[PDB]
$ cat start_31.cif   # mmCIF, N, CA and C atoms
data_my_file
loop_
_atom_site.label_atom_id
_atom_site.label_comp_id
_atom_site.auth_asym_id
_atom_site.auth_seq_id
_atom_site.Cartn_x
_atom_site.Cartn_y
_atom_site.Cartn_z
N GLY A 1 -21.74 -4.03 -9.25
CA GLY A 1 -20.37 -4.03 -8.77
C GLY A 1 -19.46 -3.16 -9.61
N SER A 2 -18.46 -3.78 -10.22
CA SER A 2 -17.51 -3.05 -11.05
C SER A 2 -18.22 -1.98 -11.88
N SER A 3 -17.55 -0.85 -12.08
CA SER A 3 -18.12 0.25 -12.85
C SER A 3 -18.77 -0.27 -14.13
N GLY A 4 -18.04 -1.10 -14.87
CA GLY A 4 -18.56 -1.65 -16.10
C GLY A 4 -18.86 -3.13 -16.00
N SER A 5 -19.97 -3.55 -16.59
CA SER A 5 -20.38 -4.95 -16.56
C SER A 5 -19.43 -5.81 -17.40
N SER A 6 -19.34 -7.09 -17.05
CA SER A 6 -18.48 -8.02 -17.77
C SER A 6 -19.29 -9.14 -18.42
N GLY A 7 -20.11 -9.80 -17.61
CA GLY A 7 -20.93 -10.88 -18.12
C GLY A 7 -21.71 -11.59 -17.03
N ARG A 8 -21.50 -12.90 -16.91
CA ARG A 8 -22.19 -13.69 -15.90
C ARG A 8 -21.21 -14.59 -15.15
N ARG A 9 -21.65 -15.13 -14.02
CA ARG A 9 -20.81 -16.01 -13.21
C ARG A 9 -21.56 -17.28 -12.82
N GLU A 10 -20.82 -18.36 -12.61
CA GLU A 10 -21.42 -19.63 -12.23
C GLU A 10 -21.00 -20.03 -10.82
N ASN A 11 -21.90 -19.83 -9.86
CA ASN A 11 -21.63 -20.17 -8.47
C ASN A 11 -20.22 -19.73 -8.07
N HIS A 12 -19.73 -18.67 -8.71
CA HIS A 12 -18.40 -18.15 -8.42
C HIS A 12 -18.45 -17.10 -7.32
N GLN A 13 -17.71 -17.35 -6.24
CA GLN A 13 -17.68 -16.42 -5.11
C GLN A 13 -16.53 -15.43 -5.26
N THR A 14 -16.81 -14.16 -4.97
CA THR A 14 -15.80 -13.11 -5.07
C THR A 14 -15.13 -12.87 -3.73
N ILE A 15 -13.90 -12.37 -3.77
CA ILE A 15 -13.14 -12.09 -2.56
C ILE A 15 -13.84 -11.03 -1.71
N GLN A 16 -14.36 -10.00 -2.37
CA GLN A 16 -15.05 -8.92 -1.68
C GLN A 16 -16.16 -9.47 -0.78
N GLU A 17 -16.91 -10.43 -1.30
CA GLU A 17 -18.00 -11.04 -0.55
C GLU A 17 -17.48 -12.15 0.36
N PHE A 18 -16.46 -12.86 -0.11
CA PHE A 18 -15.87 -13.95 0.66
C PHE A 18 -15.19 -13.42 1.92
N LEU A 19 -14.79 -12.16 1.89
CA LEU A 19 -14.13 -11.53 3.03
C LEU A 19 -15.15 -10.94 3.99
N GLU A 20 -16.19 -10.33 3.43
CA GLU A 20 -17.24 -9.72 4.24
C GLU A 20 -17.80 -10.71 5.25
N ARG A 21 -17.91 -11.97 4.83
CA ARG A 21 -18.43 -13.02 5.70
C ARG A 21 -17.50 -13.27 6.88
N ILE A 22 -16.19 -13.18 6.63
CA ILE A 22 -15.20 -13.39 7.67
C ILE A 22 -14.71 -12.06 8.24
N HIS A 23 -15.37 -10.98 7.85
CA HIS A 23 -15.00 -9.65 8.32
C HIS A 23 -13.52 -9.37 8.07
N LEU A 24 -13.04 -9.80 6.90
CA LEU A 24 -11.64 -9.59 6.54
C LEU A 24 -11.53 -8.77 5.26
N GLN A 25 -12.61 -8.09 4.90
CA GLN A 25 -12.63 -7.26 3.70
C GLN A 25 -11.54 -6.20 3.75
N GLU A 26 -10.96 -6.01 4.93
CA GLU A 26 -9.90 -5.02 5.11
C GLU A 26 -8.66 -5.41 4.32
N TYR A 27 -8.61 -6.66 3.86
CA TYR A 27 -7.48 -7.15 3.09
C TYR A 27 -7.83 -7.25 1.61
N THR A 28 -9.06 -6.87 1.27
CA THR A 28 -9.52 -6.92 -0.11
C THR A 28 -8.48 -6.32 -1.05
N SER A 29 -8.36 -5.00 -1.04
CA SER A 29 -7.41 -4.31 -1.90
C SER A 29 -6.09 -5.08 -1.98
N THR A 30 -5.55 -5.42 -0.82
CA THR A 30 -4.29 -6.16 -0.76
C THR A 30 -4.36 -7.44 -1.59
N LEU A 31 -5.51 -8.10 -1.55
CA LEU A 31 -5.70 -9.34 -2.30
C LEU A 31 -5.91 -9.05 -3.79
N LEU A 32 -6.88 -8.19 -4.09
CA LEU A 32 -7.18 -7.83 -5.47
C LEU A 32 -5.93 -7.31 -6.17
N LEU A 33 -5.33 -6.26 -5.62
CA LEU A 33 -4.13 -5.67 -6.20
C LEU A 33 -3.09 -6.75 -6.50
N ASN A 34 -2.90 -7.66 -5.56
CA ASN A 34 -1.93 -8.74 -5.73
C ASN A 34 -2.33 -9.65 -6.88
N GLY A 35 -3.63 -9.70 -7.17
CA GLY A 35 -4.12 -10.53 -8.25
C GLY A 35 -5.35 -11.32 -7.86
N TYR A 36 -5.47 -11.62 -6.57
CA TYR A 36 -6.61 -12.38 -6.07
C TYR A 36 -7.92 -11.62 -6.28
N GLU A 37 -8.57 -11.89 -7.41
CA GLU A 37 -9.83 -11.23 -7.73
C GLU A 37 -11.02 -12.07 -7.27
N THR A 38 -10.93 -13.38 -7.50
CA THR A 38 -12.00 -14.29 -7.11
C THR A 38 -11.44 -15.52 -6.41
N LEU A 39 -12.30 -16.24 -5.71
CA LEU A 39 -11.90 -17.45 -4.99
C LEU A 39 -10.94 -18.29 -5.84
N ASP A 40 -11.24 -18.38 -7.13
CA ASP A 40 -10.41 -19.15 -8.05
C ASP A 40 -8.93 -18.94 -7.75
N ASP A 41 -8.56 -17.69 -7.49
CA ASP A 41 -7.17 -17.34 -7.19
C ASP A 41 -6.80 -17.77 -5.78
N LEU A 42 -7.75 -17.65 -4.86
CA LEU A 42 -7.53 -18.02 -3.47
C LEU A 42 -7.22 -19.50 -3.34
N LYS A 43 -7.76 -20.29 -4.26
CA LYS A 43 -7.54 -21.74 -4.26
C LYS A 43 -6.05 -22.06 -4.36
N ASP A 44 -5.25 -21.05 -4.68
CA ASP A 44 -3.81 -21.22 -4.80
C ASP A 44 -3.07 -20.55 -3.65
N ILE A 45 -3.79 -19.72 -2.90
CA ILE A 45 -3.21 -19.01 -1.77
C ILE A 45 -2.89 -19.98 -0.63
N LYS A 46 -1.83 -19.68 0.12
CA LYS A 46 -1.42 -20.51 1.24
C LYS A 46 -1.18 -19.67 2.49
N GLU A 47 -0.79 -20.33 3.57
CA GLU A 47 -0.52 -19.64 4.83
C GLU A 47 0.55 -18.56 4.64
N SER A 48 1.65 -18.94 4.00
CA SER A 48 2.75 -18.01 3.76
C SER A 48 2.27 -16.79 2.98
N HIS A 49 1.56 -17.03 1.88
CA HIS A 49 1.05 -15.96 1.05
C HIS A 49 0.42 -14.86 1.90
N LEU A 50 -0.55 -15.24 2.73
CA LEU A 50 -1.23 -14.29 3.60
C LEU A 50 -0.22 -13.41 4.34
N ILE A 51 0.78 -14.05 4.94
CA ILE A 51 1.82 -13.33 5.68
C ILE A 51 2.44 -12.24 4.82
N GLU A 52 2.79 -12.59 3.59
CA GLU A 52 3.40 -11.63 2.67
C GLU A 52 2.39 -10.58 2.22
N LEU A 53 1.11 -10.92 2.34
CA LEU A 53 0.04 -10.00 1.95
C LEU A 53 -0.34 -9.08 3.10
N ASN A 54 0.58 -8.93 4.05
CA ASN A 54 0.35 -8.07 5.21
C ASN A 54 -0.61 -8.73 6.19
N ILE A 55 -0.66 -10.05 6.16
CA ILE A 55 -1.54 -10.81 7.05
C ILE A 55 -0.73 -11.58 8.09
N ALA A 56 0.42 -11.04 8.46
CA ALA A 56 1.28 -11.68 9.44
C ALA A 56 0.47 -12.21 10.62
N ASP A 57 -0.71 -11.65 10.82
CA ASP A 57 -1.58 -12.06 11.91
C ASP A 57 -2.25 -13.40 11.60
N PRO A 58 -2.23 -14.32 12.57
CA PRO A 58 -2.82 -15.65 12.42
C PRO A 58 -4.34 -15.60 12.37
N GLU A 59 -4.93 -14.73 13.19
CA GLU A 59 -6.38 -14.59 13.23
C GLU A 59 -6.96 -14.42 11.83
N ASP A 60 -6.32 -13.57 11.03
CA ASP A 60 -6.76 -13.32 9.67
C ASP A 60 -6.39 -14.48 8.75
N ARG A 61 -5.13 -14.90 8.82
CA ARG A 61 -4.64 -16.00 8.00
C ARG A 61 -5.57 -17.21 8.10
N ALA A 62 -5.76 -17.70 9.32
CA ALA A 62 -6.63 -18.85 9.55
C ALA A 62 -8.04 -18.60 9.03
N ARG A 63 -8.62 -17.48 9.45
CA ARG A 63 -9.97 -17.12 9.03
C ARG A 63 -10.06 -17.03 7.51
N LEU A 64 -8.94 -16.70 6.88
CA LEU A 64 -8.89 -16.59 5.42
C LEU A 64 -8.77 -17.96 4.77
N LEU A 65 -7.87 -18.79 5.30
CA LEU A 65 -7.66 -20.13 4.77
C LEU A 65 -8.85 -21.03 5.08
N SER A 66 -9.12 -21.21 6.37
CA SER A 66 -10.23 -22.05 6.80
C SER A 66 -11.50 -21.73 6.01
N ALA A 67 -11.72 -20.44 5.77
CA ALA A 67 -12.90 -19.99 5.03
C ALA A 67 -12.86 -20.49 3.59
N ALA A 68 -11.74 -20.25 2.91
CA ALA A 68 -11.58 -20.67 1.53
C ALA A 68 -11.75 -22.18 1.40
N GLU A 69 -11.17 -22.92 2.34
CA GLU A 69 -11.26 -24.38 2.32
C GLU A 69 -12.71 -24.84 2.27
N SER A 70 -13.55 -24.23 3.11
CA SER A 70 -14.96 -24.58 3.17
C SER A 70 -15.63 -24.34 1.81
N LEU A 71 -15.31 -23.21 1.19
CA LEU A 71 -15.88 -22.86 -0.11
C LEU A 71 -15.41 -23.83 -1.19
N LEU A 72 -14.09 -23.93 -1.35
CA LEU A 72 -13.51 -24.83 -2.35
C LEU A 72 -13.74 -26.29 -1.97
N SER A 73 -13.04 -26.74 -0.93
CA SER A 73 -13.17 -28.12 -0.47
C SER A 73 -14.51 -28.34 0.23
N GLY A 74 -15.55 -28.57 -0.56
CA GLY A 74 -16.87 -28.80 0.00
C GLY A 74 -17.95 -28.87 -1.06
N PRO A 75 -18.14 -30.07 -1.63
CA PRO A 75 -19.15 -30.29 -2.67
C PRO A 75 -20.57 -30.20 -2.13
N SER A 76 -21.12 -28.99 -2.12
CA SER A 76 -22.47 -28.77 -1.63
C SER A 76 -23.41 -28.38 -2.76
N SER A 77 -24.40 -29.23 -3.03
CA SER A 77 -25.36 -28.98 -4.09
C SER A 77 -25.98 -27.59 -3.95
N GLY A 78 -26.39 -27.26 -2.73
CA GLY A 78 -26.99 -25.97 -2.47
C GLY A 78 -28.49 -26.06 -2.23
#
$ encode --input "start_31.cif" --output "structure tokens"
Amino acid sequence: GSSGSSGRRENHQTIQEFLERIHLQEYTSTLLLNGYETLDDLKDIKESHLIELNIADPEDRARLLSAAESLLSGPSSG
């Protein structure tokens, strides 16, 4: 991924991949630039946020929120 390596991750999902699943990677830059680098940050994102992030569209907002909810709110052993 990133030009330079950082370390390791623990079942941590990235926005780049979290968006690809919902075909919303088109908002990646918008999210990353804003600060949303990993789901950890998305756990704080809300409906309004998306709107301000150029996601005035509900299709994306919902797909973005509903998606995050499943990841965060969902204790799955795996």
$ resolve_selection --input "start_31.cif" --expression "the PyMOL selection byres ((chain A and resi 12-25) around 8)" --output "ChimeraX atom specification"
/A:8-11,26-32,36-40,60,63-64,67-68
$ atom_distance --input "start_31.cif" --atom1 "atom C of residue A:44" --atom2 "atom CA of residue A:75"
18.8 Å
$ atom_distance --input "start_31.cif" --atom1 "atom C of residue A:49" --atom2 "atom CA of residue A:61"
8.0 Å
$ atom_distance --input "start_31.cif" --atom1 "atom CA of residue A:71" --atom2 "atom C of residue A:3"
26.7 Å
$ closest_residue --input "start_31.cif" --among "A:62, A:69, A:2, A:57" --to "residue A:42" --atoms "only N, CA and C atoms"
A:69
$ select_by_dssp --input "start_31.cif" --residues "chain A" --states "helix (DSSP H, G or I)" --output "PyMOL selection string"
chain A and resi 15-20+25-34+39-42+47-55+58-72
